[PDB]
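Raw final_31.pdb, PDB, N, CA and C atoms and all ligand atoms:
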ATOM      1  N   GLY A 487      -7.713  -2.906   7.545  1.00  0.00           N
ATOM      2  CA  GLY A 487      -6.730  -3.485   8.428  1.00  0.00           C
ATOM      3  C   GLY A 487      -5.310  -3.053   8.103  1.00  0.00           C
ATOM      4  N   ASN A 488      -4.393  -3.486   8.963  1.00  0.00           N
ATOM      5  CA  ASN A 488      -2.971  -3.274   8.756  1.00  0.00           C
ATOM      6  C   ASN A 488      -2.471  -4.061   7.550  1.00  0.00           C
ATOM      7  N   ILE A 489      -1.334  -3.632   7.022  1.00  0.00           N
ATOM      8  CA  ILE A 489      -0.569  -4.425   6.077  1.00  0.00           C
ATOM      9  C   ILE A 489       0.680  -4.929   6.786  1.00  0.00           C
ATOM     10  N   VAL A 490       1.390  -5.835   6.130  1.00  0.00           N
ATOM     11  CA  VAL A 490       2.712  -6.229   6.603  1.00  0.00           C
ATOM     12  C   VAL A 490       3.738  -5.242   6.064  1.00  0.00           C
ATOM     13  N   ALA A 491       4.665  -4.832   6.931  1.00  0.00           N
ATOM     14  CA  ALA A 491       5.590  -3.735   6.653  1.00  0.00           C
ATOM     15  C   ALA A 491       6.531  -4.117   5.519  1.00  0.00           C
ATOM     16  N   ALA A 492       6.408  -3.421   4.397  1.00  0.00           N
ATOM     17  CA  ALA A 492       7.166  -3.749   3.206  1.00  0.00           C
ATOM     18  C   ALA A 492       8.531  -3.068   3.233  1.00  0.00           C
ATOM     19  N   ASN A 493       9.299  -3.287   2.172  1.00  0.00           N
ATOM     20  CA  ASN A 493      10.563  -2.595   1.988  1.00  0.00           C
ATOM     21  C   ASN A 493      10.314  -1.237   1.348  1.00  0.00           C
ATOM     22  N   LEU A 494      10.791  -0.179   1.994  1.00  0.00           N
ATOM     23  CA  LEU A 494      10.760   1.158   1.421  1.00  0.00           C
ATOM     24  C   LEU A 494      12.172   1.705   1.344  1.00  0.00           C
ATOM     25  N   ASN A 495      12.496   2.316   0.211  1.00  0.00           N
ATOM     26  CA  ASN A 495      13.792   2.943   0.019  1.00  0.00           C
ATOM     27  C   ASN A 495      13.753   4.434   0.319  1.00  0.00           C
ATOM     28  N   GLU A 496      12.730   4.881   1.039  1.00  0.00           N
ATOM     29  CA  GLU A 496      12.698   6.166   1.711  1.00  0.00           C
ATOM     30  C   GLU A 496      12.685   5.927   3.214  1.00  0.00           C
ATOM     31  N   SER A 497      13.065   6.951   3.968  1.00  0.00           N
ATOM     32  CA  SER A 497      13.214   6.814   5.416  1.00  0.00           C
ATOM     33  C   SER A 497      11.841   6.899   6.069  1.00  0.00           C
ATOM     34  N   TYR A 498      11.307   5.749   6.456  1.00  0.00           N
ATOM     35  CA  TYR A 498      10.032   5.665   7.143  1.00  0.00           C
ATOM     36  C   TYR A 498      10.177   4.756   8.352  1.00  0.00           C
ATOM     37  N   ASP A 499       9.316   4.970   9.336  1.00  0.00           N
ATOM     38  CA  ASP A 499       9.272   4.119  10.516  1.00  0.00           C
ATOM     39  C   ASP A 499       8.559   2.817  10.172  1.00  0.00           C
ATOM     40  N   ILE A 500       9.274   1.696  10.275  1.00  0.00           N
ATOM     41  CA  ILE A 500       8.688   0.414   9.896  1.00  0.00           C
ATOM     42  C   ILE A 500       7.704  -0.106  10.936  1.00  0.00           C
ATOM     43  N   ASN A 501       7.759   0.398  12.171  1.00  0.00           N
ATOM     44  CA  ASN A 501       6.791  -0.020  13.177  1.00  0.00           C
ATOM     45  C   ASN A 501       5.413   0.586  12.931  1.00  0.00           C
ATOM     46  N   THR A 502       5.340   1.738  12.263  1.00  0.00           N
ATOM     47  CA  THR A 502       4.072   2.438  12.082  1.00  0.00           C
ATOM     48  C   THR A 502       3.653   2.587  10.622  1.00  0.00           C
ATOM     49  N   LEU A 503       4.356   1.952   9.679  1.00  0.00           N
ATOM     50  CA  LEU A 503       3.930   1.983   8.283  1.00  0.00           C
ATOM     51  C   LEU A 503       2.668   1.171   8.033  1.00  0.00           C
ATOM     52  N   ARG A 504       2.313   0.270   8.952  1.00  0.00           N
ATOM     53  CA  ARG A 504       1.197  -0.649   8.777  1.00  0.00           C
ATOM     54  C   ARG A 504      -0.156   0.051   8.707  1.00  0.00           C
ATOM     55  N   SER A 505      -0.275   1.260   9.248  1.00  0.00           N
ATOM     56  CA  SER A 505      -1.535   1.984   9.272  1.00  0.00           C
ATOM     57  C   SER A 505      -1.693   2.956   8.117  1.00  0.00           C
ATOM     58  N   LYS A 506      -0.727   3.029   7.207  1.00  0.00           N
ATOM     59  CA  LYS A 506      -0.716   4.048   6.167  1.00  0.00           C
ATOM     60  C   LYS A 506      -0.950   3.473   4.774  1.00  0.00           C
ATOM     61  N   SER A 507      -1.598   2.317   4.683  1.00  0.00           N
ATOM     62  CA  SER A 507      -1.835   1.690   3.393  1.00  0.00           C
ATOM     63  C   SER A 507      -2.898   2.469   2.613  1.00  0.00           C
ATOM     64  N   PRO A 508      -2.858   2.422   1.274  1.00  0.00           N
ATOM     65  CA  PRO A 508      -3.780   3.241   0.475  1.00  0.00           C
ATOM     66  C   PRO A 508      -5.249   2.878   0.647  1.00  0.00           C
ATOM     67  N   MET A 509      -6.094   3.894   0.478  1.00  0.00           N
ATOM     68  CA  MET A 509      -7.529   3.774   0.706  1.00  0.00           C
ATOM     69  C   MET A 509      -8.166   2.838  -0.315  1.00  0.00           C
ATOM     70  N   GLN A 510      -9.052   1.973   0.170  1.00  0.00           N
ATOM     71  CA  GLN A 510      -9.602   0.879  -0.625  1.00  0.00           C
ATOM     72  C   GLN A 510     -10.972   1.272  -1.165  1.00  0.00           C
ATOM     73  N   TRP A 511     -10.967   1.864  -2.355  1.00  0.00           N
ATOM     74  CA  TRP A 511     -12.150   2.011  -3.191  1.00  0.00           C
ATOM     75  C   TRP A 511     -12.303   0.721  -3.992  1.00  0.00           C
ATOM     76  N   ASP A 512     -13.074   0.752  -5.077  1.00  0.00           N
ATOM     77  CA  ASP A 512     -13.542  -0.388  -5.873  1.00  0.00           C
ATOM     78  C   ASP A 512     -12.511  -1.444  -6.270  1.00  0.00           C
ATOM     79  N   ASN A 513     -12.958  -2.638  -6.658  1.00  0.00           N
ATOM     80  CA  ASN A 513     -12.035  -3.759  -6.817  1.00  0.00           C
ATOM     81  C   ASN A 513     -11.234  -3.743  -8.120  1.00  0.00           C
ATOM     82  N   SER A 514     -10.627  -2.611  -8.449  1.00  0.00           N
ATOM     83  CA  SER A 514      -9.774  -2.483  -9.617  1.00  0.00           C
ATOM     84  C   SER A 514      -8.342  -2.817  -9.218  1.00  0.00           C
ATOM     85  N   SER A 515      -7.388  -2.509 -10.089  1.00  0.00           N
ATOM     86  CA  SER A 515      -5.986  -2.610  -9.718  1.00  0.00           C
ATOM     87  C   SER A 515      -5.645  -1.529  -8.702  1.00  0.00           C
ATOM     88  N   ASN A 516      -4.903  -1.931  -7.664  1.00  0.00           N
ATOM     89  CA  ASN A 516      -4.550  -1.106  -6.501  1.00  0.00           C
ATOM     90  C   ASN A 516      -5.779  -0.560  -5.778  1.00  0.00           C
ATOM     91  N   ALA A 517      -6.873  -1.336  -5.789  1.00  0.00           N
ATOM     92  CA  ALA A 517      -8.147  -1.023  -5.122  1.00  0.00           C
ATOM     93  C   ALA A 517      -8.719   0.325  -5.549  1.00  0.00           C
ATOM     94  N   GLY A 518      -8.529   0.685  -6.816  1.00  0.00           N
ATOM     95  CA  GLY A 518      -9.006   1.963  -7.305  1.00  0.00           C
ATOM     96  C   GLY A 518      -8.306   3.189  -6.765  1.00  0.00           C
ATOM     97  N   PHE A 519      -7.206   3.020  -6.025  1.00  0.00           N
ATOM     98  CA  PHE A 519      -6.464   4.155  -5.491  1.00  0.00           C
ATOM     99  C   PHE A 519      -5.657   4.842  -6.582  1.00  0.00           C
ATOM    100  N   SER A 520      -5.181   4.078  -7.560  1.00  0.00           N
ATOM    101  CA  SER A 520      -4.265   4.584  -8.565  1.00  0.00           C
ATOM    102  C   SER A 520      -4.392   3.739  -9.821  1.00  0.00           C
ATOM    103  N   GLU A 521      -4.154   4.367 -10.970  1.00  0.00           N
ATOM    104  CA  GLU A 521      -4.036   3.651 -12.233  1.00  0.00           C
ATOM    105  C   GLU A 521      -2.588   3.405 -12.617  1.00  0.00           C
ATOM    106  N   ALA A 522      -1.646   3.772 -11.754  1.00  0.00           N
ATOM    107  CA  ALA A 522      -0.250   3.467 -11.988  1.00  0.00           C
ATOM    108  C   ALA A 522       0.006   1.979 -11.768  1.00  0.00           C
ATOM    109  N   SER A 523       1.190   1.532 -12.184  1.00  0.00           N
ATOM    110  CA  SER A 523       1.537   0.122 -12.042  1.00  0.00           C
ATOM    111  C   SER A 523       1.843  -0.223 -10.591  1.00  0.00           C
ATOM    112  N   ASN A 524       2.753   0.516  -9.971  1.00  0.00           N
ATOM    113  CA  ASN A 524       3.122   0.289  -8.583  1.00  0.00           C
ATOM    114  C   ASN A 524       2.811   1.528  -7.756  1.00  0.00           C
ATOM    115  N   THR A 525       2.208   1.318  -6.593  1.00  0.00           N
ATOM    116  CA  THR A 525       1.966   2.383  -5.637  1.00  0.00           C
ATOM    117  C   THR A 525       3.117   2.463  -4.636  1.00  0.00           C
ATOM    118  N   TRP A 526       3.087   3.507  -3.805  1.00  0.00           N
ATOM    119  CA  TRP A 526       4.183   3.730  -2.869  1.00  0.00           C
ATOM    120  C   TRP A 526       4.156   2.737  -1.712  1.00  0.00           C
ATOM    121  N   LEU A 527       2.978   2.249  -1.334  1.00  0.00           N
ATOM    122  CA  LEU A 527       2.803   1.143  -0.407  1.00  0.00           C
ATOM    123  C   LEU A 527       1.870   0.109  -1.011  1.00  0.00           C
ATOM    124  N   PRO A 528       2.018  -1.163  -0.636  1.00  0.00           N
ATOM    125  CA  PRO A 528       1.086  -2.180  -1.133  1.00  0.00           C
ATOM    126  C   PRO A 528      -0.304  -2.028  -0.537  1.00  0.00           C
ATOM    127  N   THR A 529      -1.302  -2.251  -1.381  1.00  0.00           N
ATOM    128  CA  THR A 529      -2.676  -2.360  -0.926  1.00  0.00           C
ATOM    129  C   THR A 529      -2.860  -3.679  -0.186  1.00  0.00           C
ATOM    130  N   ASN A 530      -3.616  -3.628   0.915  1.00  0.00           N
ATOM    131  CA  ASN A 530      -4.005  -4.816   1.665  1.00  0.00           C
ATOM    132  C   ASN A 530      -4.741  -5.810   0.775  1.00  0.00           C
ATOM    133  N   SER A 531      -4.438  -7.095   0.967  1.00  0.00           N
ATOM    134  CA  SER A 531      -4.877  -8.156   0.066  1.00  0.00           C
ATOM    135  C   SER A 531      -6.375  -8.417   0.106  1.00  0.00           C
ATOM    136  N   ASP A 532      -7.074  -7.983   1.153  1.00  0.00           N
ATOM    137  CA  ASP A 532      -8.498  -8.237   1.314  1.00  0.00           C
ATOM    138  C   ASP A 532      -9.372  -7.203   0.613  1.00  0.00           C
ATOM    139  N   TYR A 533      -8.835  -6.477  -0.369  1.00  0.00           N
ATOM    140  CA  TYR A 533      -9.583  -5.381  -0.970  1.00  0.00           C
ATOM    141  C   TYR A 533     -10.671  -5.850  -1.927  1.00  0.00           C
ATOM    142  N   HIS A 534     -10.673  -7.123  -2.326  1.00  0.00           N
ATOM    143  CA  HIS A 534     -11.749  -7.619  -3.176  1.00  0.00           C
ATOM    144  C   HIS A 534     -13.059  -7.718  -2.410  1.00  0.00           C
ATOM    145  N   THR A 535     -12.991  -8.020  -1.117  1.00  0.00           N
ATOM    146  CA  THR A 535     -14.176  -8.098  -0.281  1.00  0.00           C
ATOM    147  C   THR A 535     -14.381  -6.867   0.590  1.00  0.00           C
ATOM    148  N   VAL A 536     -13.326  -6.118   0.887  1.00  0.00           N
ATOM    149  CA  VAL A 536     -13.389  -4.989   1.814  1.00  0.00           C
ATOM    150  C   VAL A 536     -13.029  -3.740   1.021  1.00  0.00           C
TER     151      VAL A 536
HETATM  152  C1  LIG B 601      14.619   1.405  -4.074  1.00  0.00           C
HETATM  153  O1  LIG B 601      13.490   0.992  -4.946  1.00  0.00           O
HETATM  154  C2  LIG B 601      13.483  -0.345  -5.486  1.00  0.00           C
HETATM  155  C3  LIG B 601      12.622  -1.188  -4.575  1.00  0.00           C
HETATM  156  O2  LIG B 601      11.679  -0.388  -3.876  1.00  0.00           O
HETATM  157  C4  LIG B 601      14.900  -0.890  -5.668  1.00  0.00           C
HETATM  158  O3  LIG B 601      14.960  -1.939  -6.637  1.00  0.00           O
HETATM  159  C5  LIG B 601      14.544  -1.692  -8.003  1.00  0.00           C
HETATM  160  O4  LIG B 601      13.147  -1.990  -8.228  1.00  0.00           O
HETATM  161  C6  LIG B 601      12.688  -1.786  -9.574  1.00  0.00           C
HETATM  162  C7  LIG B 601      11.193  -2.015  -9.563  1.00  0.00           C
HETATM  163  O5  LIG B 601      10.800  -2.999 -10.509  1.00  0.00           O
HETATM  164  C8  LIG B 601      13.430  -2.730 -10.516  1.00  0.00           C
HETATM  165  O6  LIG B 601      12.971  -2.521 -11.846  1.00  0.00           O
HETATM  166  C9  LIG B 601      14.930  -2.476 -10.435  1.00  0.00           C
HETATM  167  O7  LIG B 601      15.629  -3.441 -11.213  1.00  0.00           O
HETATM  168  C10 LIG B 601      15.425  -2.537  -8.973  1.00  0.00           C
HETATM  169  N1  LIG B 601      16.887  -2.397  -8.844  1.00  0.00           N
HETATM  170  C11 LIG B 601      17.762  -1.377  -9.069  1.00  0.00           C
HETATM  171  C12 LIG B 601      17.237  -0.024  -9.526  1.00  0.00           C
HETATM  172  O8  LIG B 601      18.963  -1.543  -8.881  1.00  0.00           O
HETATM  173  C13 LIG B 601      15.849   0.256  -5.999  1.00  0.00           C
HETATM  174  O9  LIG B 601      17.147  -0.274  -6.238  1.00  0.00           O
HETATM  175  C14 LIG B 601      15.955   1.262  -4.838  1.00  0.00           C
HETATM  176  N2  LIG B 601      16.407   2.558  -5.326  1.00  0.00           N
HETATM  177  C15 LIG B 601      17.393   3.284  -4.777  1.00  0.00           C
HETATM  178  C16 LIG B 601      18.070   2.696  -3.570  1.00  0.00           C
HETATM  179  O10 LIG B 601      17.726   4.370  -5.236  1.00  0.00           O
END
Please, can you express the file's structure as structure tokens?
Amino acid sequence: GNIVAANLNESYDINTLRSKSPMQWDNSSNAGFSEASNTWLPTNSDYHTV
């Protein structure tokens, strides 16, 4: 699903950022997309079940 449009300090379209959230693999931190602390966009909150 979509995310809620967060604050980005790069020039992005806030109307269409909702479809660009990181891919949801396994239920790790950042849904297995990254082992970094913070990603460039927030992972959707339903990643534990989806
Ligand atoms: C844009 O990036 C962040 C938010 O996306 C801005 O705020 C910093 O966020 C980091 C993340 O934890 C904090 O540690 C800093 O204290 C924040 N404040 C700063 C750096 O003043 C950040 O200010 C923005 N960077 C720009 C505009 O260059």
Report, as AutoDock Vina command-line options, the axis-aligned box around all atoms of ligand LIG 601 (chain B) present in the file, extended by 6 Å on each side; give centre and edge lengths in Å to one decimal place.
--center_x 14.9 --center_y 0.5 --center_z -7.7 --size_x 20.2 --size_y 19.8 --size_z 20.3
Could you give me the residues within 7 Å of ligand LIG 601 (chain B), counting only C-alpha atoms and all ligand atoms, as a PDB file with N, CA and C atoms, in the frame of the given file?
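Here's the written file out09.pdb:
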ATOM      1  N   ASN A 493       9.299  -3.287   2.172  1.00  0.00           N
ATOM      2  CA  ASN A 493      10.563  -2.595   1.988  1.00  0.00           C
ATOM      3  C   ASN A 493      10.314  -1.237   1.348  1.00  0.00           C
ATOM      4  N   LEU A 494      10.791  -0.179   1.994  1.00  0.00           N
ATOM      5  CA  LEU A 494      10.760   1.158   1.421  1.00  0.00           C
ATOM      6  C   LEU A 494      12.172   1.705   1.344  1.00  0.00           C
ATOM      7  N   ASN A 495      12.496   2.316   0.211  1.00  0.00           N
ATOM      8  CA  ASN A 495      13.792   2.943   0.019  1.00  0.00           C
ATOM      9  C   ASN A 495      13.753   4.434   0.319  1.00  0.00           C
TER      10      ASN A 495
END
Carefully work through the PyMOL selection byres (((chain A and resi 502-511) around 6) and not hetatm) for this structure and note down the residues it includes, as an mmCIF file with N, CA and C atoms, keeping the file's coordinate frame.
data_model
loop_
_atom_site.group_PDB
_atom_site.id
_atom_site.type_symbol
_atom_site.label_atom_id
_atom_site.label_comp_id
_atom_site.auth_asym_id
_atom_site.auth_seq_id
_atom_site.Cartn_x
_atom_site.Cartn_y
_atom_site.Cartn_z
ATOM 1 N N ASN A 488 -4.393 -3.486 8.963
ATOM 2 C CA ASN A 488 -2.971 -3.274 8.756
ATOM 3 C C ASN A 488 -2.471 -4.061 7.550
ATOM 4 N N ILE A 489 -1.334 -3.632 7.022
ATOM 5 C CA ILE A 489 -0.569 -4.425 6.077
ATOM 6 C C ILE A 489 0.680 -4.929 6.786
ATOM 7 N N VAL A 490 1.390 -5.835 6.130
ATOM 8 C CA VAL A 490 2.712 -6.229 6.603
ATOM 9 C C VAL A 490 3.738 -5.242 6.064
ATOM 10 N N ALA A 491 4.665 -4.832 6.931
ATOM 11 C CA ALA A 491 5.590 -3.735 6.653
ATOM 12 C C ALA A 491 6.531 -4.117 5.519
ATOM 13 N N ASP A 499 9.316 4.970 9.336
ATOM 14 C CA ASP A 499 9.272 4.119 10.516
ATOM 15 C C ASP A 499 8.559 2.817 10.172
ATOM 16 N N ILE A 500 9.274 1.696 10.275
ATOM 17 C CA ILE A 500 8.688 0.414 9.896
ATOM 18 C C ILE A 500 7.704 -0.106 10.936
ATOM 19 N N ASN A 501 7.759 0.398 12.171
ATOM 20 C CA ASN A 501 6.791 -0.020 13.177
ATOM 21 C C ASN A 501 5.413 0.586 12.931
ATOM 22 N N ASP A 512 -13.074 0.752 -5.077
ATOM 23 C CA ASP A 512 -13.542 -0.388 -5.873
ATOM 24 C C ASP A 512 -12.511 -1.444 -6.270
ATOM 25 N N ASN A 513 -12.958 -2.638 -6.658
ATOM 26 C CA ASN A 513 -12.035 -3.759 -6.817
ATOM 27 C C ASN A 513 -11.234 -3.743 -8.120
ATOM 28 N N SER A 514 -10.627 -2.611 -8.449
ATOM 29 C CA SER A 514 -9.774 -2.483 -9.617
ATOM 30 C C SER A 514 -8.342 -2.817 -9.218
ATOM 31 N N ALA A 517 -6.873 -1.336 -5.789
ATOM 32 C CA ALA A 517 -8.147 -1.023 -5.122
ATOM 33 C C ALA A 517 -8.719 0.325 -5.549
ATOM 34 N N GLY A 518 -8.529 0.685 -6.816
ATOM 35 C CA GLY A 518 -9.006 1.963 -7.305
ATOM 36 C C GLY A 518 -8.306 3.189 -6.765
ATOM 37 N N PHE A 519 -7.206 3.020 -6.025
ATOM 38 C CA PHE A 519 -6.464 4.155 -5.491
ATOM 39 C C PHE A 519 -5.657 4.842 -6.582
ATOM 40 N N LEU A 527 2.978 2.249 -1.334
ATOM 41 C CA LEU A 527 2.803 1.143 -0.407
ATOM 42 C C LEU A 527 1.870 0.109 -1.011
ATOM 43 N N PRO A 528 2.018 -1.163 -0.636
ATOM 44 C CA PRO A 528 1.086 -2.180 -1.133
ATOM 45 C C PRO A 528 -0.304 -2.028 -0.537
ATOM 46 N N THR A 529 -1.302 -2.251 -1.381
ATOM 47 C CA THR A 529 -2.676 -2.360 -0.926
ATOM 48 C C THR A 529 -2.860 -3.679 -0.186
ATOM 49 N N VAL A 536 -13.326 -6.118 0.887
ATOM 50 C CA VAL A 536 -13.389 -4.989 1.814
ATOM 51 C C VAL A 536 -13.029 -3.740 1.021
#
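The space between atom N of residue 496 (chain A) and atom C of residue 525 (chain A) spans 11.4 Å.
Selecting helix (DSSP H, G or I) from the backbone DSSP output for chain A yields residues 503, 504, 505, 515, 516, 517, 518, 531, 532, 533 and 534 of chain A.
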Take the residues that were just selected and, keeping N, CA and C atoms, output them as an mmCIF file, in the coordinates of the input.
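Saved file result.cif follows:
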data_model
loop_
_atom_site.group_PDB
_atom_site.id
_atom_site.type_symbol
_atom_site.label_atom_id
_atom_site.label_comp_id
_atom_site.auth_asym_id
_atom_site.auth_seq_id
_atom_site.Cartn_x
_atom_site.Cartn_y
_atom_site.Cartn_z
ATOM 1 N N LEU A 503 4.356 1.952 9.679
ATOM 2 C CA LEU A 503 3.930 1.983 8.283
ATOM 3 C C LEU A 503 2.668 1.171 8.033
ATOM 4 N N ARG A 504 2.313 0.270 8.952
ATOM 5 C CA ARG A 504 1.197 -0.649 8.777
ATOM 6 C C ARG A 504 -0.156 0.051 8.707
ATOM 7 N N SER A 505 -0.275 1.260 9.248
ATOM 8 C CA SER A 505 -1.535 1.984 9.272
ATOM 9 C C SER A 505 -1.693 2.956 8.117
ATOM 10 N N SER A 515 -7.388 -2.509 -10.089
ATOM 11 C CA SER A 515 -5.986 -2.610 -9.718
ATOM 12 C C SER A 515 -5.645 -1.529 -8.702
ATOM 13 N N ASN A 516 -4.903 -1.931 -7.664
ATOM 14 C CA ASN A 516 -4.550 -1.106 -6.501
ATOM 15 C C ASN A 516 -5.779 -0.560 -5.778
ATOM 16 N N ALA A 517 -6.873 -1.336 -5.789
ATOM 17 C CA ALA A 517 -8.147 -1.023 -5.122
ATOM 18 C C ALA A 517 -8.719 0.325 -5.549
ATOM 19 N N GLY A 518 -8.529 0.685 -6.816
ATOM 20 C CA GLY A 518 -9.006 1.963 -7.305
ATOM 21 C C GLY A 518 -8.306 3.189 -6.765
ATOM 22 N N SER A 531 -4.438 -7.095 0.967
ATOM 23 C CA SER A 531 -4.877 -8.156 0.066
ATOM 24 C C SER A 531 -6.375 -8.417 0.106
ATOM 25 N N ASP A 532 -7.074 -7.983 1.153
ATOM 26 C CA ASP A 532 -8.498 -8.237 1.314
ATOM 27 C C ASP A 532 -9.372 -7.203 0.613
ATOM 28 N N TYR A 533 -8.835 -6.477 -0.369
ATOM 29 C CA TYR A 533 -9.583 -5.381 -0.970
ATOM 30 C C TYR A 533 -10.671 -5.850 -1.927
ATOM 31 N N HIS A 534 -10.673 -7.123 -2.326
ATOM 32 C CA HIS A 534 -11.749 -7.619 -3.176
ATOM 33 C C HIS A 534 -13.059 -7.718 -2.410
#
**OP:** Just give me the gap between atom C of residue 521 (chain A) and atom C of residue 535 (chain A) in Å, one decimal is fine.
**Re:**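 Spanning atom C of residue 521 (chain A) to atom C of residue 535 (chain A) is a straight-line distance of 20.5 Å.
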Final N, CA, C and O atoms of region 520-531 of chain A as a PDB file, in the coordinates of the input:
ATOM      1  N   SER A 520      -5.181   4.078  -7.560  1.00  0.00           N
ATOM      2  CA  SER A 520      -4.265   4.584  -8.565  1.00  0.00           C
ATOM      3  C   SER A 520      -4.392   3.739  -9.821  1.00  0.00           C
ATOM      4  O   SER A 520      -4.698   2.549  -9.751  1.00  0.00           O
ATOM      5  N   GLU A 521      -4.154   4.367 -10.970  1.00  0.00           N
ATOM      6  CA  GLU A 521      -4.036   3.651 -12.233  1.00  0.00           C
ATOM      7  C   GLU A 521      -2.588   3.405 -12.617  1.00  0.00           C
ATOM      8  O   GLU A 521      -2.325   2.877 -13.701  1.00  0.00           O
ATOM      9  N   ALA A 522      -1.646   3.772 -11.754  1.00  0.00           N
ATOM     10  CA  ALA A 522      -0.250   3.467 -11.988  1.00  0.00           C
ATOM     11  C   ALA A 522       0.006   1.979 -11.768  1.00  0.00           C
ATOM     12  O   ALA A 522      -0.832   1.243 -11.241  1.00  0.00           O
ATOM     13  N   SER A 523       1.190   1.532 -12.184  1.00  0.00           N
ATOM     14  CA  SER A 523       1.537   0.122 -12.042  1.00  0.00           C
ATOM     15  C   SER A 523       1.843  -0.223 -10.591  1.00  0.00           C
ATOM     16  O   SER A 523       1.255  -1.148 -10.023  1.00  0.00           O
ATOM     17  N   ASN A 524       2.753   0.516  -9.971  1.00  0.00           N
ATOM     18  CA  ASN A 524       3.122   0.289  -8.583  1.00  0.00           C
ATOM     19  C   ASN A 524       2.811   1.528  -7.756  1.00  0.00           C
ATOM     20  O   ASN A 524       3.111   2.650  -8.174  1.00  0.00           O
ATOM     21  N   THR A 525       2.208   1.318  -6.593  1.00  0.00           N
ATOM     22  CA  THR A 525       1.966   2.383  -5.637  1.00  0.00           C
ATOM     23  C   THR A 525       3.117   2.463  -4.636  1.00  0.00           C
ATOM     24  O   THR A 525       4.011   1.619  -4.608  1.00  0.00           O
ATOM     25  N   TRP A 526       3.087   3.507  -3.805  1.00  0.00           N
ATOM     26  CA  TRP A 526       4.183   3.730  -2.869  1.00  0.00           C
ATOM     27  C   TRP A 526       4.156   2.737  -1.712  1.00  0.00           C
ATOM     28  O   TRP A 526       5.211   2.403  -1.169  1.00  0.00           O
ATOM     29  N   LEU A 527       2.978   2.249  -1.334  1.00  0.00           N
ATOM     30  CA  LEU A 527       2.803   1.143  -0.407  1.00  0.00           C
ATOM     31  C   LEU A 527       1.870   0.109  -1.011  1.00  0.00           C
ATOM     32  O   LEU A 527       1.013   0.448  -1.831  1.00  0.00           O
ATOM     33  N   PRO A 528       2.018  -1.163  -0.636  1.00  0.00           N
ATOM     34  CA  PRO A 528       1.086  -2.180  -1.133  1.00  0.00           C
ATOM     35  C   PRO A 528      -0.304  -2.028  -0.537  1.00  0.00           C
ATOM     36  O   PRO A 528      -0.472  -1.700   0.640  1.00  0.00           O
ATOM     37  N   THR A 529      -1.302  -2.251  -1.381  1.00  0.00           N
ATOM     38  CA  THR A 529      -2.676  -2.360  -0.926  1.00  0.00           C
ATOM     39  C   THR A 529      -2.860  -3.679  -0.186  1.00  0.00           C
ATOM     40  O   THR A 529      -2.291  -4.703  -0.573  1.00  0.00           O
ATOM     41  N   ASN A 530      -3.616  -3.628   0.915  1.00  0.00           N
ATOM     42  CA  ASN A 530      -4.005  -4.816   1.665  1.00  0.00           C
ATOM     43  C   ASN A 530      -4.741  -5.810   0.775  1.00  0.00           C
ATOM     44  O   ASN A 530      -5.561  -5.428  -0.062  1.00  0.00           O
ATOM     45  N   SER A 531      -4.438  -7.095   0.967  1.00  0.00           N
ATOM     46  CA  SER A 531      -4.877  -8.156   0.066  1.00  0.00           C
ATOM     47  C   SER A 531      -6.375  -8.417   0.106  1.00  0.00           C
ATOM     48  O   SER A 531      -6.899  -9.013  -0.840  1.00  0.00           O
TER      49      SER A 531
END
